[PDB]
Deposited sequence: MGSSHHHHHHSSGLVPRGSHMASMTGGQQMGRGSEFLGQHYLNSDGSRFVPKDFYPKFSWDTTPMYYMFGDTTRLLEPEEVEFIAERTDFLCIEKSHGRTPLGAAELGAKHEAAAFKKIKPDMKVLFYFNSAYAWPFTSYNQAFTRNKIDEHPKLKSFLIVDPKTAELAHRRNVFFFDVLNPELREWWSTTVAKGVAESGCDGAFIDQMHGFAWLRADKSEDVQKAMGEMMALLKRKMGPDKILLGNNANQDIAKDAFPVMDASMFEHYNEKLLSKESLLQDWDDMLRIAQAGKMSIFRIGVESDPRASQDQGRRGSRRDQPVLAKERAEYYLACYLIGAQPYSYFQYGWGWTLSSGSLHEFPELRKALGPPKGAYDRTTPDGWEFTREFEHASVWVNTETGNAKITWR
């Protein structure tokens, strides 16, 4: 146990700028924001106790501070006051031009025409010859090289201005379904944009891509340091998808990269805190079956500060310890999986949705 071991027994060698990792208890990642307010010191303390790795969300502190990147700057400093080594990521979406940061302030129905260069970065709906939009939120066009340059510089500027340790990039699809004949170009362009960002952030900055395990992100994945399994709907929590997760988590770890295995019980088949606490054992088990060095669990029922980050799920605080080996698929075509850790025995049936972790 001198070095962290992937489930294939190979050694995981982290980069110097990675967050802390340990198997002592479930390795945790947190991600949260609140448009309406900053964290109270007591809330910073609560989260800081439970994680070394978090991300501030897309709108945090927008109302009190006026711009979401100042929310990120505020919390990054608050957390680092407590744990100077905490890793705090700045959020930026690669697809939706959410107008929550100063950087994106022009991407509104009433301002965009006054910014013709920024407007030219956006997808046009061929059905209207006007900007494509989702409730008047416009769509970056990754096929536009000037957008790739602007966006990657902007994100790097947001990481620098906020004092964050890197970036969480949301979305990898580049709206490929809107230009499906160019899907391969979109995937290639996305990789180009991420490589620009990775370079522009300079050394020692973490790049986490959301859902970057998906084939659509293959050109982006190499320059990423981390990828998140978002489990954003029921299909992604199927027994087949969970087995794919576990396969992907090994591949990610073998690449020296980190994974975030994120669960929002809003996507559970079944009052969210009660449900979340009841399902914690099952979803933790799903993570532990596939867990690797420098993989982290995120748990709650959404993305707001009030969506789980400030609740105690006692399973997450129990001693876990290093895995004693890879999971065992109890029968070759069945959906029961077990795995042993130094302080816990995991059993899960992903066909039926039942699990039991026996804490020793």
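Q: Could you name the stretches of the deposited sequence that have no C-alpha atoms in this structure?
A: Missing C-alpha atoms (numbering from 1) occur across the ranges 1-37, 308-319.
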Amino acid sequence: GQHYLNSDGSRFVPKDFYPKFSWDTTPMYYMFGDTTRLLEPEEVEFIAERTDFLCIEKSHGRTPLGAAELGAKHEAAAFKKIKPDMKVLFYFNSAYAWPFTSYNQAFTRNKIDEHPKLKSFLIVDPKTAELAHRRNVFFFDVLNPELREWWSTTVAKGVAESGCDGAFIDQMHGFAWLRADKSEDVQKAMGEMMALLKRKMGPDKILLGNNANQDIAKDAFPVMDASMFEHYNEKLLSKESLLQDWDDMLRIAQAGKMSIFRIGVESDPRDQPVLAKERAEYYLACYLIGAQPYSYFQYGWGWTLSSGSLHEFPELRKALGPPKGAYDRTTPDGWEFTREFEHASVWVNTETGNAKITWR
From here on, numbers count along this sequence of modelled residues.
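Q.
Quick check on the record: does 180-188 or 160-168 carry the larger mean Cα temperature factor?
A. Result: 180-188.
Q) Averaging C-alpha B-factors over each stretch, which comes out higher, 238-246 or 274-282? A) Going by the record's values, the stretch with the higher mean is 274-282.
Q | Given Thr26, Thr36, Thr330, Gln298, the residue at which the Cα B factor reaches its maximum | A | Going by the entry's C-alpha B-factors, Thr330 comes out highest.
Q. Say you rank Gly61, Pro293, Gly302, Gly321 by Cα B-factor from the PDB entry; which sits at the top?
A. Of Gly61, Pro293, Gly302, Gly321, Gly302 has the highest C-alpha B-factor.
(Q) Ranking every modelled residue in this chain by its Cα temperature factor as given in the entry, which third contains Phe79? (A) For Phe79, the deposited C-alpha B-factor lands in the middle third.
Q) Among the modelled residues of its chain, does the C-alpha B-factor of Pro19 lie in the lowest, middle or highest third? A) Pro19: CA B-factor falls in the lowest third of its chain.
(Q) Using the temperature factors of the C-alpha atoms in this entry, rank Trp335 within its chain: lowest, middle or highest third. (A) As the PDB entry reports it, the C-alpha B-factor of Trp335 lands in the highest third of its chain.
Q | Ranked C-alpha temperature factor of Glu57 among modelled chain residues, by third | A | Its C-alpha B-factor, which the entry lists for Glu57, ranks in the lowest third among residues of this chain.
Q: Sorting the chain's modelled residues by C-alpha B-factor, tell me whether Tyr232 ends up in the lowest, middle or highest third.
A: Highest third of the chain for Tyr232's C-alpha B-factor.
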